[PDB]
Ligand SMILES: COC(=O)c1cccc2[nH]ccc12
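We begin with a single chain expressed as structure tokens, specifically the form deposited without methyl 1H-indole-4-carboxylate.
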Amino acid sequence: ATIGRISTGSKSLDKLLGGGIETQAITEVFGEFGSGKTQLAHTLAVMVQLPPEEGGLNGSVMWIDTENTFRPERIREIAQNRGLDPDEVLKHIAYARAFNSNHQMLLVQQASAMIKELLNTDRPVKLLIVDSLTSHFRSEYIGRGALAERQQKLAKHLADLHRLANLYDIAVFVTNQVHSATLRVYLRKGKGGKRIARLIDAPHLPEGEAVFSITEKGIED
């Protein structure tokens, strides 16, 4: 299948991403708390649901939360301000809270069965969010030989993530605070409620930067 692109809500940021975030890839967005990673995840969970003419893929979402940062109220606000039905937007976001790194790995594996069933529907899964990919791995692996073990589990988790994205034509979006993903985006605060995105690593895309805002519509220019 050909690559689908999900608009982030920002024209500037979509331009940097060659149209938007891609299916059949793991897009990693990293930054300090408040850099806009979570607002971008919330905006994408709504945007993917829009028709292609609006920047979406008529798709369903699966969201894995390691730190309880998912906000239904924010999804609802973004949905309403984009002229979508908040109830329908929420019902197309399959949500799961991971309490440890092993639970997190298991949820990715269990998600394959769910995705299979939605493939021939009008709204198949086009987006899988993992916020925030490493929080459990960093807190659990402390002591002698902890670092080498963490790297091994992360690599397998990311391989399980890559497998779903290619096999089912899904865009995998992961967040991180501060490893090989297909696209790395460094996020930081600009001047005001403005953020700056820096494309660090990309195989088909040139390096660069884009500026965006955080509003009642989630993410825009």
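Position 1 is the first residue in the sequence shown; the rest follow in order.
Count the deposited residues lacking coordinates between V178 and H179 and you get 4 to 9 of them. Per-stretch averaging of Cα B factors for 119-127 and 85-93 places 119-127 on top. Remark: stretch with higher mean C-alpha B factor among 98-106 and 137-145 is 137-145. Highest CA B-factor among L167, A171, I64, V48, as stated in the entry: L167. The PDB entry assigns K37 a C-alpha temperature factor belonging to the lowest third of its chain's modelled residues. Annotation for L183: CA B-factor lies in the highest third of the chain's modelled residues. Looking at the C-alpha B-factors along this chain, the one for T215 belongs to the middle third. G55: CA B factor lies in the middle third for its chain, per the PDB record. Sorting the modelled residues of the chain by their CA temperature factor places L44 in the lowest third.
Unshown form deposited with methyl 1H-indole-4-carboxylate bound; subsequent notes refer to it.
In the entry with it bound, methyl 1H-indole-4-carboxylate lies farther than 4.5 Å from every heavy atom of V46. Contact check for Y168: no non-hydrogen atom falls within 4.5 Å of methyl 1H-indole-4-carboxylate in the entry with it bound. Residue contact with methyl 1H-indole-4-carboxylate in the entry with it bound: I142 places no heavy atom within 4.5 Å of it. Methyl 1H-indole-4-carboxylate in the entry with it bound comes within 4.5 Å of a heavy atom belonging to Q110.
Counting a residue when any of its non-hydrogen atoms is within 4.5 Å of methyl 1H-indole-4-carboxylate in the entry with it bound, there are no hits in 67-83.
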